[PDB]
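Report on the following structure.
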Amino acid sequence: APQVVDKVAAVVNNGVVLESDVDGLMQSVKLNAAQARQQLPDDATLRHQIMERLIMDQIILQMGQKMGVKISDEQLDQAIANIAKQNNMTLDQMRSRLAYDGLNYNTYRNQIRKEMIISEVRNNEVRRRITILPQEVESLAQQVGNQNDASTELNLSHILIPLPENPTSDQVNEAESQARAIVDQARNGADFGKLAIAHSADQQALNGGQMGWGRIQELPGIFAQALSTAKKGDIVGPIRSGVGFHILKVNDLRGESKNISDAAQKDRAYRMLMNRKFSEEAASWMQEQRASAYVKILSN
Amino acid sequence: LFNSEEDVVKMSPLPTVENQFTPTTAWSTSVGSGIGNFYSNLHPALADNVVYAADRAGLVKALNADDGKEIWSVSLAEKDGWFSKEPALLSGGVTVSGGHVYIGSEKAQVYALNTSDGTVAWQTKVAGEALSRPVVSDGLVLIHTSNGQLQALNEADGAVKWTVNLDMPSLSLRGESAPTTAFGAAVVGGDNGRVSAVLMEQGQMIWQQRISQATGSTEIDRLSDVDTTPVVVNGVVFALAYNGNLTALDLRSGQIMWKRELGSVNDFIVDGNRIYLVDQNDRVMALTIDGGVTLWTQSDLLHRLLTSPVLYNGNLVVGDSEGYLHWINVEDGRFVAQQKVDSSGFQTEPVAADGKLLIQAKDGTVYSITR
Amino acid sequence: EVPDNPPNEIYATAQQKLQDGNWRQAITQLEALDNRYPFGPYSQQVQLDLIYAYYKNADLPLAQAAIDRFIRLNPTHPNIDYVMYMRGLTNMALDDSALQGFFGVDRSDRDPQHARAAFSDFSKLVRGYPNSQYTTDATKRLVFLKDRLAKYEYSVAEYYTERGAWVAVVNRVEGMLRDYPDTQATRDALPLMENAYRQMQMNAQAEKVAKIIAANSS
Amino acid sequence: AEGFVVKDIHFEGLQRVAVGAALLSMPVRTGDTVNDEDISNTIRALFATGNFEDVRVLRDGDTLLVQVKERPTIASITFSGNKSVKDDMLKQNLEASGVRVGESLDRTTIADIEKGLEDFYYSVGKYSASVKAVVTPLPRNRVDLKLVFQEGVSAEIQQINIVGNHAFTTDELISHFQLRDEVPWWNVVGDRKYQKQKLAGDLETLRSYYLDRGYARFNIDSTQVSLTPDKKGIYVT
């Protein structure tokens, strides 16, 4: 007869996690996986992971409340808009939200608010534990500064179609045909990473054939000659060689007018180093706070 | 009242083993009163077929390695007896580089004696009691003082070149970390739980990573002293903290490569593709250089207060607080032999070099343990 | 030492002992019934009986603690006036001595702290619950306590009159007039104030006090 | 609507808290229009009152059934295993943290009290000591708190070193100290036990000793308290 409506799934310090919130995040991750179910095919492990997610969220929220961080509705305004691709946000966003979960308009904003609170506290503490030495940002940028001899640096990927030491004419023809087909498919908009994974015999095949940033003059002579007139996004044909056919792709390029004789580079090194240290400190803080708190799972 | 009724938590019994070989002591010479009941790093040293040893009182002896015959002996106590002929309180492990013998003292003194005769080549005053083994490299002597100062002294002149200040927690473990040299960079542990790399030219920090976990609030659970010597090989730095993690870091970047949940304050050996480590609970282990995967574990000596291991003749030799030396097969971890050497026990590191194995007992008796 | 019989049997035994007048065993039974079943049908009745037994057993500090606990836990209990009256009785009992009472010693010169506390408690009871059945006895005890406190001030003023500390005497009698104007002790003390004024040669104040005395000769 | 019309609200499990207080703690007063979020807010508020260990809300269609499990009340406090710290000092330490007979058991404070006691044992120098609490459920929603003490062997001061004293000698300076580096064989009334407060008083005594001789510039640059890895060899510098 009686129907269970809601219950406490876990107790976290003075707060609680409700089965309703657990179901809400269940639906959230199910929708996320609907796009690609390979992201989260697990069910029980996913449920426990979400349990831990809500536990950490409650810990962080209680800590932030203790400190006194607060957010106004004015900060909420706009902090959602200009994000949905071309959406007419703050009027059309609300109307579309009615069709998915917007039974009550406030729900969405109350969630957004909460999330911002947690972010602001996390960022505050995690960055407070970070320490950066200039010597470190200098060493990280020194490699690129030395490698910036070229006025333009190219991000490149490569694919190899192999040949034996003593190939036959038929083998050469087959390799050339395969390379030309791959080049045509790439120029037709096919994903270069998938093609490299499927066909490339190079060690970077499983990595999508990505070679990364490089100075053109430091590349193999054939690569330097072929790429002398290449630009971002270009697909270049096969290159014959005693060991097979080589295919090259240009992903991105960078450069500046400053005379490198490094020059306005340590800022980017600072960004990357800060990102890495933030990740490490966040992991260490997310587990320093889980150990130190009181948690009891009553999910039973 | 209760201090006598109070009982310790654990102590393993003596493992029962059969000796596959007969270990014997080639010779044994008394160097004085020894360190005694004071936790110190003072251990012998070997160089050019000579053995150098000392004790807390101040005695320093150079002995013939082949038979232990004394070559010369001096005392570093007060020359003029300014006050009761105060002991030198030698604590820094005896180091031998070039023609100099470097010894640290708990009176914030560092002595450099002459190999040929034992006269004091020079003496320097440091920022605090030198509890670490002096490390000689690039014409500099590195000293890690008790108050978290890493100082570099000129090998010849003896004057302090540069000083790096390291944080010191409220409560720490006795002893300090001896730095390691690699391509002009000194990697040293810290009592706060961080491994830091500095330059030798002027002492400019490079990077500083945290190795500990410190999953606790009270002081004891926050003890994370990196009192071991980091080992550098093929561009990766292996470090290990108390209650912390056995980590591998990038030499240039200081970035964690892999992590493990073992802790200790004794040194560990890194050879080939394996890491022979002694846990803080006196449990020998063997791991992989690639990762924390364990190959074997010997848990028969828990709470025996073992010393740091030494790889002698392909076998891992470890001392014990009761005065026993245990051999272990690296391949399997099985006890291969056991011997009762001394009665006062062992607390300091054994030494293995040039086919010779040396160990100094708590009473100061240096022992040459041959097969 | 108390068996673990069901709650009803324990309560019946405690009631029987209370009726018989054996305070110690009733107290033990009630303590067992209260610390075994902290929040039950017996809680309020057991607490009230414990207060009563502690009072009758001369365990006054325990009675005060129990009264405070009951007042704080049940601020609006219908029988709360009884608890206030019992607190007044306990404080008044702390202001008594049997050995001195036997010899007919007037204890108004001793520490008035407990008398002051009892006066405060009884005044609280009388003002809060004018229609309670303990209001008349509370008023009589308030009158007695006011007289006793005035007699204490009179004793201090008399001693300082003996010592020759005239300013202290004047201040003490002025305090008596401000605090206990209608007691007999103030009437007795008035001539002391006049004498203190006379000794310091302030004849105007002495004349004023003499006029006050004359207007209230009786 | 949604949650249907609430005709009546019934509470279950209430032992100490009056139904009036629980009703006052809920945000909904038979509003007749209750949604799921309102029920969630009601649960959150009820738990925020701090009187319940578990809360559950069920719907009969017309009736809102609030099932709550009140946090157990303390029945008795038991100390076992302690050989040095007396039960009296422990019991007063309990009341400071709210753990007292007749009161409720605040589970979230358990860790706190435990750590506090361990800290005390560390102040005296009894490192490796543990103080673990066991809560056993007694009927009628009660609990018994037993504090299992497992004290180790007290650490003993191995050394007291002063670095930088060129005018006086370490022996003379530490002779006036409360902490003892060593005890003569004839003296059997003192020991080498450690205490933080004694160390602070000792630093003050050293400062006074140096200031009474006219130095007027004596400064304690730092103080390091170390500990042997076996945790029975505390060191002072």
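For the structure tokens, the naming scheme is as follows: chains receive sequential letters (A, B, ...) according to their order of presentation, residues are indexed from 1 within each chain, and ligands are indexed from 1 in presentation order.
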
Dump as CSV the rows for residues of chain B within 9 Å of chain A: closest atom pair and distance in Å with one decimal, only C-alpha atoms counted, ordered by chain and rising residue number.
```
residue,atom,partner,partner_atom,distance
B:204,CA,A:135,CA,8.0
B:205,CA,A:135,CA,7.2
B:206,CA,A:135,CA,5.8
B:207,CA,A:136,CA,6.3
B:208,CA,A:133,CA,8.7
B:213,CA,A:284,CA,8.2
B:214,CA,A:288,CA,8.3
B:215,CA,A:288,CA,6.3
B:216,CA,A:292,CA,7.2
B:217,CA,A:292,CA,7.9
B:252,CA,A:139,CA,8.8
B:253,CA,A:136,CA,7.9
```

Would you mind exporting N, CA and C atoms of the selected residues as a JSON list (two decimals), in the first residue's frame?
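Output contents, as saved in selection_34.json:
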```json
[["chain", "number", "residue", "atom", "x", "y", "z"],
["B", 204, "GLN", "N", 70.00, 26.85, -7.07],
["B", 204, "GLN", "CA", 68.73, 27.42, -7.56],
["B", 204, "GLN", "C", 67.75, 26.27, -7.68],
["B", 205, "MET", "N", 66.65, 26.32, -6.96],
["B", 205, "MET", "CA", 65.69, 25.20, -6.98],
["B", 205, "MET", "C", 65.35, 24.92, -8.44],
["B", 206, "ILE", "N", 65.08, 23.69, -8.80],
["B", 206, "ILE", "CA", 64.57, 23.34, -10.12],
["B", 206, "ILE", "C", 63.10, 23.00, -9.99],
["B", 207, "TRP", "N", 62.80, 21.97, -9.21],
["B", 207, "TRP", "CA", 61.43, 21.53, -9.00],
["B", 207, "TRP", "C", 61.31, 20.95, -7.61],
["B", 208, "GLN", "N", 60.07, 20.84, -7.14],
["B", 208, "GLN", "CA", 59.80, 20.35, -5.79],
["B", 208, "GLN", "C", 58.47, 19.61, -5.82],
["B", 213, "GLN", "N", 51.64, 10.99, 1.40],
["B", 213, "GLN", "CA", 50.19, 10.98, 1.37],
["B", 213, "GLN", "C", 49.57, 11.70, 2.55],
["B", 214, "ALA", "N", 50.10, 11.50, 3.76],
["B", 214, "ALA", "CA", 49.71, 12.28, 4.93],
["B", 214, "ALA", "C", 48.20, 12.27, 5.13],
["B", 215, "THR", "N", 47.60, 11.10, 4.98],
["B", 215, "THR", "CA", 46.16, 10.93, 5.18],
["B", 215, "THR", "C", 45.90, 10.83, 6.68],
["B", 216, "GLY", "N", 45.95, 11.99, 7.34],
["B", 216, "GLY", "CA", 45.72, 12.04, 8.77],
["B", 216, "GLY", "C", 45.71, 13.47, 9.26],
["B", 217, "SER", "N", 45.25, 13.64, 10.49],
["B", 217, "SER", "CA", 45.15, 14.95, 11.13],
["B", 217, "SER", "C", 46.13, 15.11, 12.28],
["B", 252, "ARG", "N", 64.12, 15.51, -14.99],
["B", 252, "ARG", "CA", 64.06, 16.89, -15.45],
["B", 252, "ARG", "C", 62.82, 17.61, -14.94],
["B", 253, "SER", "N", 61.67, 16.95, -14.96],
["B", 253, "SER", "CA", 60.40, 17.60, -14.67],
["B", 253, "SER", "C", 59.95, 17.46, -13.23]]
```

Exercise for review: Mind checking which residues fall within 6 Å of segment 52-66 of chain A, counting only C-alpha atoms, ignoring those fewer than 3 positions away in the same chain, and posting them as a ChimeraX atom specification?
Suggested key: /A:49,69,118,121

Emit the selected residues as a PDB file, in the first residue's frame, including C-alpha atoms.
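Output file result-v2.pdb follows:
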```pdb
ATOM      1  CA  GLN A  49      30.953   5.951  -8.801  1.00  0.00           C
ATOM      2  CA  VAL A  69      31.041  31.440  -0.399  1.00  0.00           C
ATOM      3  CA  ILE A 118      31.563  23.728  -5.652  1.00  0.00           C
ATOM      4  CA  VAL A 121      35.642  26.383  -3.540  1.00  0.00           C
TER       5      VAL A 121
END
```

Point to revise | DSSP-assigned alpha helix (DSSP H) among segment 3-216 of chain C, expressed as a PyMOL selection string | key: chain C and resi 7-20+23-36+43-56+60-73+81-94+98-102+113-128+135-163+166-179+184-199+203-215

Exercise for review: Find the residues around segment 313-327 of chain B up to 6 Å (only C-alpha atoms counted), leave out those fewer than 4 positions away in its own chain, and share them as a ChimeraX atom specification.
Suggested key: /B:305-307,309,335-343,345-346

Deliver the residues from the most recent selection as a file, using C-alpha atoms, as a PDB file, in the first residue's frame.
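Final output, saved to again_0.pdb:
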```pdb
ATOM      1  CA  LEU B 305      64.403  -3.100  13.594  1.00  0.00           C
ATOM      2  CA  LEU B 306      66.403  -4.081  10.535  1.00  0.00           C
ATOM      3  CA  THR B 307      69.094  -1.951   8.932  1.00  0.00           C
ATOM      4  CA  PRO B 309      69.953  -3.798   2.868  1.00  0.00           C
ATOM      5  CA  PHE B 335      66.460 -16.956   3.706  1.00  0.00           C
ATOM      6  CA  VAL B 336      69.782 -18.414   2.587  1.00  0.00           C
ATOM      7  CA  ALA B 337      71.838 -18.117   5.790  1.00  0.00           C
ATOM      8  CA  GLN B 338      71.753 -16.635   9.278  1.00  0.00           C
ATOM      9  CA  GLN B 339      74.610 -15.659  11.575  1.00  0.00           C
ATOM     10  CA  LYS B 340      75.047 -14.217  15.059  1.00  0.00           C
ATOM     11  CA  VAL B 341      77.792 -11.613  14.690  1.00  0.00           C
ATOM     12  CA  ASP B 342      77.563  -9.226  17.647  1.00  0.00           C
ATOM     13  CA  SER B 343      75.614  -8.952  20.889  1.00  0.00           C
ATOM     14  CA  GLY B 345      73.038  -5.263  17.682  1.00  0.00           C
ATOM     15  CA  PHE B 346      73.170  -3.254  14.486  1.00  0.00           C
TER      16      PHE B 346
END
```

Practice item. Write out as a PyMOL selection string which residues come within 8 Å of segment 133-145 of chain C when counting only C-alpha atoms, dropping same-chain ones fewer than 6 positions away. Key: chain C and resi 81-82+85+115-116+118-119+122-123+125-126

Restricting the output to C-alpha atoms, write the selected residues as a compact mmCIF listing (two decimals), in the first residue's frame.
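Final output, selection-v4.txt:
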```txt
# COMPACT_ATOMS: atom_id res chain seq x y z
CA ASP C 81 5.07 25.57 39.36
CA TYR C 82 5.60 22.65 41.73
CA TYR C 85 8.38 25.73 44.61
CA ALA C 115 18.44 32.97 51.31
CA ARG C 116 18.85 35.28 48.32
CA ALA C 118 15.43 31.09 47.67
CA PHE C 119 13.91 34.57 47.53
CA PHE C 122 9.95 32.03 45.23
CA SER C 123 9.47 35.44 43.60
CA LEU C 125 7.10 31.21 41.21
CA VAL C 126 4.74 33.81 42.70
```

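With only C-alpha atoms as the basis for measurement, A:156 is the residue among A:181, A:293, A:34, A:156 that approaches residue 211 of chain A most closely.
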
Practice item. Restrict the distance test to only C-alpha atoms, flag each residue of chain B within 10 Å of chain D, and return the flagged residues as a ChimeraX atom specification. Key: /B:1-9,37-40,83,86,106-108,127-129,146-148,168-175,216-221,242,264-266,280-281,303,305

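Computed from the coordinates, the atom CA of residue 131 of chain B to atom CA of residue 177 of chain B distance equals 8.5 Å.
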
Review point. Quick one: which residues from chain C are at most 10 Å off chain D, using only C-alpha atoms, as a PyMOL selection string?
Key: chain C and resi 34-40

**Study point:** For segment 233-237 of chain A: contacts at 6 Å, only C-alpha atoms, fewer than 2 positions along chain excluded, given as a list in words
**Key:** residues 183, 231, 247, 248, 249, 250 and 251 of chain A

Any chance you could export the current selection's C-alpha atoms as a PDB file, in the first residue's frame?
```pdb
ATOM      1  CA  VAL A 183      44.889  10.292 -49.487  1.00  0.00           C
ATOM      2  CA  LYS A 231      49.313  24.837 -44.976  1.00  0.00           C
ATOM      3  CA  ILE A 247      51.562  10.267 -46.204  1.00  0.00           C
ATOM      4  CA  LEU A 248      51.558  13.545 -44.272  1.00  0.00           C
ATOM      5  CA  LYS A 249      48.851  15.754 -42.776  1.00  0.00           C
ATOM      6  CA  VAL A 250      49.106  19.251 -41.291  1.00  0.00           C
ATOM      7  CA  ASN A 251      46.874  19.748 -38.247  1.00  0.00           C
TER       8      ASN A 251
END
```

Review point. Contacts of segment 43-56 of chain D at 9 Å or less, counting only C-alpha atoms, minus same-chain residues fewer than 3 places along, as an MDAnalysis selection string?
Key: (chainID A and resid 4:8 11 14:18 298) or (chainID D and resid 17 22 25:27 38:40 65:72 104 106:107)
